[PDB]
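Colleague: first piece of the complex, coordinates kept as in the full assembly:
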Amino acid sequence: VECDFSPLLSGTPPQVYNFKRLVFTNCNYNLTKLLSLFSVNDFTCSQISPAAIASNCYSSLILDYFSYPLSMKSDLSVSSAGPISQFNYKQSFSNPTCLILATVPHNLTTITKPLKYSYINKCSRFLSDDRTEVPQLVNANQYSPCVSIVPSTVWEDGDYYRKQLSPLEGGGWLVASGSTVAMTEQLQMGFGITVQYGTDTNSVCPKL
Amino acid sequence: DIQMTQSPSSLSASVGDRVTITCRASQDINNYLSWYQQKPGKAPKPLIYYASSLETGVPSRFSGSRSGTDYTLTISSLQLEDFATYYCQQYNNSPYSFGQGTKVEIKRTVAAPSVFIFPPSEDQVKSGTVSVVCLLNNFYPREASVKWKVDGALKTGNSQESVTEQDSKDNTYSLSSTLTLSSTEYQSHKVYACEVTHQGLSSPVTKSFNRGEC
């Protein structure tokens, strides 16, 4: 009956361009229980009216988590033209969304640190002539089109990955470039929160 | 590391059937899974990348899917071209583990083996090492048991089996159990029996020969 946040507290978290997503329906949550397990640094939210995020019922609660350094904390705002908001992670502009940046504490050992931070600095699709470039901008609450061709971790800074598409899909190529940002001493991650609404069920209320 | 549990290890199906091959990871791989088809004696052939994306020039019968942490390769309509061994691979984190593989073999109707026993040639008797060969010809499925009763009772350890692949015309198997002994030991006992048990046989069939008796 209680929403299970356990997949976040185990193993290694993914990168920003291949984030892991957890959807919560028909359960009760305790956001203070979660944020107490991480040193919370910076965070932001947008939109209310019901109004809350830890004191309201919704039809669903979406939570994306990924390893992200606080060095590029400014690249997460929607008003930024950085590759993160352009090719990696864009959250919903219409629905009420939140965005939390925290660090994995030293007393939280179940989460093992990845080798380094990784993100997509450019994801574009080239046509049959191999000259026309089409930037594949990421949509809100979607993955990059180049996720199918990029490793779960960028191996070296300045790497290029390309794969020829099938003639049924249109032919051409899909090319993406990777960038690496060296790891910190404590794992820094970013959490993306979005809430939906429906007429049928509202079984996503806070635990009281 | 992350390790893969692919099941079933082998299955028997015919043309037109729908066959599903699953693959489970020890940890979340985040859709970074690939499928391969391996024909006998050839390199693996890529079929699907990123769990569900089809490779170029691969028929639409093959599809990829994910439910929970289970990754399934489903062939909608099986055909003669597809009977091979299929593997699943993860590339989420090093080292890259591979699936054990699933062997898709054409299924025949059950048929009991024709059992033949071959006494060692007299030219080999003077060589010091004899080799009694027992043959199980044209049977299905592959599972069968062979026992060696020398002069009455069971002798173990010195056996050597060798199974052929599925036949092209009748889709059957064939196996040989070779008993290697010292020449002096072979002249000691009189009767040598080869007893086989197969699900196509109501009772164990035994083929024997008396040593020296022409």
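Modeller: Cool, got the structure. Numbering: from 1, shown residues only, chains lettered A, B, ... in the order given.
Colleague: run through the bridge partners of the nearest residue to residue B:163 once chain neighbours are set aside.
Modeller: Closest residue to residue B:163 apart from its sequence neighbours, by C-beta to C-beta, 6 or more residues apart in numbering or on different chains: residue B:175 at 4.6 Å. C-beta here means a position set from N, CA and C on the backbone, and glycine is covered the same way. Taking DSSP bridges as the rule, residue B:175 bridges to residue B:136, residue B:163.
Colleague: distance of the residue of chain A most remote from its centre from residue A:175?
Modeller: Most distant from the centre of chain A: residue A:129, at 33.4 Å, with distances by C-alpha atoms, centre = their mean. According to C-beta to C-beta, to the nearest Å, residue A:129 and residue A:175 sit 14 Å apart.
Colleague: and what of residue A:161?
Modeller: 7 Å.
Colleague: give me the common contacts of those two.
Modeller: In terms of C-beta atoms under 8 Å, 6 or more residues apart in numbering or on different chains, residue A:161 and residue A:175 are both contacted by the residues residue A:146.
Colleague: residue A:155 is in contact with residue A:178, isn't it?
Modeller: Yes - assessed by C-beta atoms under 8 Å, residue A:155 is found in contact with residue A:178 at 7.5 Å.
Colleague: now the residue nearest the centre of chain B: which helix or strand?
Modeller: Centre of chain B computed as the mean C-alpha position; nearest residue by C-alpha atoms, centre = their mean is residue B:142, 6.7 Å away. For residue B:142, there is no host helix or strand (DSSP states H and E).
Colleague: what does stretch B:117-132 rub up against?
Modeller: B:133-135, B:178-183, B:186-187, B:192, B:194, B:207-209, B:211.
Colleague: mind listing what's buried along it?
Modeller: Buried residues in stretch B:117-132, counting neighbours by 16 or more other C-beta atoms under 10 Å in any protein chain shown, are found at B:117, B:119, B:120, B:125, B:130, B:131, B:132.
Colleague: keep only those of those that are in strands.
Modeller: In strands, defined here by DSSP state E, the members of those are B:117, B:130, B:131, B:132.
Colleague: between those residues, which is closest to residue B:40?
Modeller: Nearest to residue B:40 out of those is residue B:131 (C-beta to C-beta; 27.6 Å).
Colleague: which bits of chain A sit near chain B?
Modeller: A:7, A:11-12, A:14, A:18, A:20, A:147-148, A:151-153, A:164-167 (C-beta under 8 Å from any C-beta of the partner chain).
Colleague: drop anything exposed from these.
Modeller: A:12, A:14, A:18, A:20, A:147, A:148, A:151, A:152, A:153, A:165.
Colleague: secondary structure for those - can I get that in CSV?
Modeller: Formatted as CSV, those follow (DSSP: H, G, I helix; E, B strand; the rest coil):
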residue, secondary structure
A:12, coil
A:14, coil
A:18, coil
A:20, strand
A:147, helix
A:148, helix
A:151, coil
A:152, coil
A:153, coil
A:165, coil
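Colleague: okay, now residue B:43: neighbour count?
Modeller: 8 (other C-beta atoms under 10 Å in any protein chain shown).
Colleague: mind listing what the nearest residue to residue B:172 once chain neighbours are set aside touches?
Modeller: Closest residue to residue B:172 apart from its sequence neighbours, by C-beta to C-beta, 6+ apart: residue B:138 at 4.3 Å. By C-beta under 8 Å, 6+ apart, residue B:138 lies in contact with B:111, B:113, B:114, B:167, B:170, B:172, B:173, B:174.
Colleague: repeat that with 7 Å
Modeller: B:111, B:113, B:114, B:170, B:172, B:174 (C-beta atoms under 7 Å, 6 or more residues apart in numbering or on different chains).
Colleague: I'd guess it is in a strand, am I close?
Modeller: Yes - counting by three-state DSSP, residue B:138 falls inside a strand.
Colleague: for residue B:140, give the beta-bridge partners.
Modeller: Assigned bridge partners for residue B:140, using DSSP bridges, are residue B:111.
Colleague: would you state the helices of the chain in chain order?
Modeller: No chain in the question, so chain A it is. Here chain A has its helices, by DSSP state H, at A:31-35, A:83.
Colleague: switch to chain B, please.
Modeller: B:122-125, B:183-186.
Colleague: while you're at it, add chain C from this line:
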Amino acid sequence: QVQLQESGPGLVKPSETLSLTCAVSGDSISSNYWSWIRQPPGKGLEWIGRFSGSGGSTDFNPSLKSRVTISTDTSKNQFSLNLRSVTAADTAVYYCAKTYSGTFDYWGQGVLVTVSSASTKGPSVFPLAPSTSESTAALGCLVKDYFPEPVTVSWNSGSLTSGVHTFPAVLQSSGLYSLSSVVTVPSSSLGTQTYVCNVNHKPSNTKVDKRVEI
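Modeller: Placing chain C onto the earlier chains gives this:
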């Protein structure tokens, strides 16, 4: 259009060190990524290690990281694999392949590497003749003690193909192989028709025509 070709000795002495070179045709190794994958005869796949001709540093499997090294060549458009302190378990078919995220788009025809302490030796061919005959009879030829693989077997110089079953080899504890080839023929043709088995072992240049006599 990118192709691959393995080039290896095929036989490596036990204690010494094996070198395997991979030739890439139709593409530059100074881009993308490449890797090695081995497969022991009759089991699954083992990923050796990935590297880069573009960067290019490497990442290997911890199970073989202490015994694996890699060289890169730009002008010759190749790369080699160096595995030292090889054991009897290192007998496998080694593949080199291309990649972009961990999967493998293009593979090369795998090369076999067998490790065992023995020089080339010819086989000893023997007939396998029945003394009871009912409707259908079967006879064969034993090919014991030969090294190394492979060996070709024919019956009546290829004029007899139906019903012939040639079994795989069995690597005995003597470090030598041994197999048998069988054929089922009508019992009414045994008296008036001959049957010979033609053996050819090119590493030993052994060429035998053995008659199967009742």
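Colleague: please look at the contacts of residue B:138 again, because chain C has been put in.
Modeller: Neighbours of residue B:138 in contact, by C-beta under 7 Å, 6+ apart: B:111, B:113, B:114, B:170, B:172, B:174.
Colleague: list buried residues within these.
Modeller: By 16+ other C-beta under 10 Å, the contacts of residue B:138 give B:111, B:113, B:114, B:172, B:174 as buried.
Colleague: tell me who's in contact with residue B:61.
Modeller: B:75, B:76, B:77.
Colleague: which residue is the nearest non-sequential neighbour of the second one?
Modeller: Closest residue in space to residue B:76, ignoring its immediate chain neighbours: residue B:61 at 4.9 Å, by C-beta to C-beta, 6+ apart.
Colleague: how many residues are close by whatever residue of chain B ends up closest to chain C?
Modeller: Closest to chain C within chain B is residue B:91: 2.3 Å, counting by C-beta to the nearest C-beta. Counted with other C-beta under 10 Å, residues neighbouring residue B:91 total 24.
Colleague: show me what contacts residue A:147?
Modeller: Contacts of residue A:147 by C-beta under 7 Å, 6+ apart are A:17, A:18.
Colleague: what about it, distance to residue B:73?
Modeller: Where residue B:73 is concerned, residue A:147 sits at a distance of 20 Å (C-beta to C-beta).
Colleague: then residue A:3?
Modeller: 32 Å.
Colleague: quick check, nearest of the contacts of residue B:61 to chain A?
Modeller: Closest to chain A, out of all of those and judged by C-beta to the nearest C-beta, is residue B:76, at 16.9 Å.
Colleague: quick one, phi/psi of that closest one?
Modeller: phi -60, psi -50 (degrees, to the nearest 10).
Colleague: what's the closest non-adjacent residue to residue B:106?
Modeller: Nearest one to residue B:106, counting by C-beta to C-beta, 6+ apart, is residue B:171 at 4.9 Å.
Colleague: and residue C:203, how far from residue C:177?
Modeller: 11 Å.
Colleague: give me the more crowded residue out of those two.
Modeller: residue C:177 (24 against 17).
Colleague: partners of the more buried one in the sheet?
Modeller: In this entry, residue C:177 is beta-bridged to residue C:146, by DSSP bridges.
Colleague: report the contact partners of residue C:71.
Modeller: With C-beta under 7 Å, 6+ apart, residue C:71 has these contacts: C:79, C:80, C:82.
Colleague: may I see the buried residues of the helix or strand containing it?
Modeller: Assigned by DSSP H and E, residue C:71 belongs to strand C:68-73. Residues of strand C:68-73 classed as buried by neighbour count (16+ other C-beta under 10 Å): C:68, C:70, C:72.
Colleague: not counting sequence-adjacent ones, nearest residue to residue C:25?
Modeller: Closest to residue C:25 by C-beta to C-beta, 6+ apart is residue C:3, at 4.2 Å.
Colleague: rewinding a little: for the closest residue to the residue nearest to the centre of chain B other than its chain neighbours, give me its contacts.
Modeller: Nearest non-adjacent residue to residue B:142, counting by C-beta to C-beta, 6+ apart: residue B:173, 4.9 Å away. By C-beta under 7 Å, 6+ apart, the contact list for residue B:173 reads B:139, B:140, B:142, B:163, B:164, B:166.
Colleague: what is the nearest of the residues you listed to residue C:63?
Modeller: For those, the nearest to residue C:63 is residue B:163 (29.5 Å; C-beta to C-beta).
Colleague: measure the closest one to chain A for me?
Modeller: Here the criterion is C-beta to the nearest C-beta, to the nearest Å. By it, residue B:163 lies 40 Å from chain A.
Colleague: and residue C:176, how many neighbours does it have?
Modeller: Residues lying near residue C:176 (other C-beta under 10 Å) number 18.
Colleague: surely it is in contact with residue C:148?
Modeller: No - counting by C-beta atoms under 7 Å, no contact exists between residue C:176 and residue C:148, whose distance comes to 9.1 Å.
Colleague: find residues that contact each of those two.
Modeller: Joint contacts of residue C:176 and residue C:148 (C-beta under 7 Å, 6+ apart) do not exist.
Colleague: from residue B:112, how far off is residue B:43?
Modeller: Taking C-beta to C-beta, one finds residue B:43 at 37 Å from residue B:112.
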